[PDB]
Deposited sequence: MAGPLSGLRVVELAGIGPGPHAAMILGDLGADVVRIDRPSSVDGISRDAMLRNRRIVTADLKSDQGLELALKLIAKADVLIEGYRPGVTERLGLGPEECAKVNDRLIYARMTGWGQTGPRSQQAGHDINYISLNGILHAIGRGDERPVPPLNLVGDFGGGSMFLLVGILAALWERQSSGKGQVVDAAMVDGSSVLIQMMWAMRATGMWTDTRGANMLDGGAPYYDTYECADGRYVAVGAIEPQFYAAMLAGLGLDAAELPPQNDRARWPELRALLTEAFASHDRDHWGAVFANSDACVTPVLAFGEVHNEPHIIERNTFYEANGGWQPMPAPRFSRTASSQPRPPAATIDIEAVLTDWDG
């Protein structure tokens, strides 16, 4: 019922970015058919029909191509050359469907010296300067989960490519190939730091910048109960609101942006936040612009009033999952359909007329 209602998508079962992009398309209403090798508990596989095919068999190849011939989009996330070998490369698909958006999701891209090399998120963000910039200054870099390569710089770019190529097709009548490399997407994702580096506004020193934890006003603080708050009071009026809530006299602290005295400033804020529990600070800063928020663990999220009231999550047999994002005022997305029994590929073809 979302805005992608009517869109047909064939997804070749992979890991990480590919199934996440296919999930978001299905979340928004697309008709997504996932082909796996011959009832899932994986909530990521919500909003699909699952079928199976031996793509290396004559029958399996034939059936996939029939499906693809009726699709708008194809997603694959194998090594470059894998679909080519199978007879499912962009050139073969063009023969049956030149309107097809052929979406290729990789870490290293379709070509280049590392294009054939295995890897995972942490590898892709290692080569482009991102990982080096994450973590405390006095320790080795820490992975920001697989959030930056696989998803922000991976599936999200695949999604933009797919939907952009669909817009182009309104006018040209034709599809094309989208080459989404996580090493590329995540670089554009961090374009801000590349821009700042050029003007002296960001340095290559880990943990010593405005947004990486180096600034006392942009970091977490441990409270009296051992839980945490997040402070993000960058602008002077918000920072002042923060000091006001803590009851600290600005005249007695270092200037907010005197980096030479940041340790002094941080020590004073640390003592202040440590004096009470996390929930105390929620009360103190209620409806303020102080940019002070509780750092909630996953399992406490479903109790936060702002999360509850906006229905950011739903209960999926077992536990909470995120509702579709973003939101649409007229063609709103439905609550996701849970994973279901595998069905027969020929049933899908009858439906699709292929």
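Engineer: Compare the deposited sequence with the modelled residues and state the ranges that are missing C-alpha positions.
Structural biologist: No C-alpha for residues 1, 40 to 44.
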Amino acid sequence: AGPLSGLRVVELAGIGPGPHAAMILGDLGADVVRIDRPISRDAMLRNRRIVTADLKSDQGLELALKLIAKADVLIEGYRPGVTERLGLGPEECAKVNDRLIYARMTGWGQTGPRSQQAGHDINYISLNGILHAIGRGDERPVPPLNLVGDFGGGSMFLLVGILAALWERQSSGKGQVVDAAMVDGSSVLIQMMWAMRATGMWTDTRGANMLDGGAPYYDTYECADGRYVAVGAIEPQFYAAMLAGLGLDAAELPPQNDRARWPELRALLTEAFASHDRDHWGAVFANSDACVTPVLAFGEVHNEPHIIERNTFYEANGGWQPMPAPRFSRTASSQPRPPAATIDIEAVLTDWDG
From here on, numbers count along this sequence of modelled residues.
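By rigid core we mean the largest C-alpha set that fits within 1.5 Å across both forms.
Engineer: In 4 other deposited structures of this protein, superposed by the rigid core, which stretch departs further from the shown form in CA positions, 279 to 287 or 263 to 271?
Structural biologist: Between the two stretches, 279 to 287 moves farther in 4 other deposited structures of this protein.
Engineer: Which is higher in the entry, the mean Cα B factor of 288 to 296 or that of 311 to 319?
Structural biologist: Averaging CA B-factors over each stretch, the winner is 311 to 319.
Engineer: Once you work out the mean C-alpha B-factor for both 278 to 286 and 90 to 98 from the entry, which is higher?
Structural biologist: Per the deposited B-factors, the answer is 90 to 98.
Engineer: Report the option among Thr111, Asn128, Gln237, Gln256 whose CA atom has the maximum B-factor in the deposited record.
Structural biologist: Answer, based on the entry's C-alpha B-factors: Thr111.
Engineer: Among all modelled residues of this chain, ranked by Cα B factor, put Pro305 in the bottom, middle or top third, i.e. lowest, middle or highest.
Structural biologist: Lowest third.
Engineer: Looking at the entry's B-factor column for C-alpha atoms only, identify whether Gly119 ranks in the lowest, middle or highest third of its chain.
Structural biologist: As the PDB entry reports it, the C-alpha B-factor of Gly119 lands in the lowest third of its chain.
Engineer: Compare the C-alpha B factor of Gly137 with those of the other modelled residues in its chain, then answer lowest, middle or highest third.
Structural biologist: Top third by C-alpha B-factor.
Engineer: Taking the entry's C-alpha B-factors for this chain, is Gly232 in the lowest, middle or highest third?
Structural biologist: For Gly232, whose C-alpha B-factor we compare with every modelled residue in the chain, the answer is the lowest third.
Engineer: Which third, lowest, middle or highest, does the CA B-factor of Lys174 fall in along this chain?
Structural biologist: Highest third - that is where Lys174 ends up once the chain's C-alpha B-factors are sorted.
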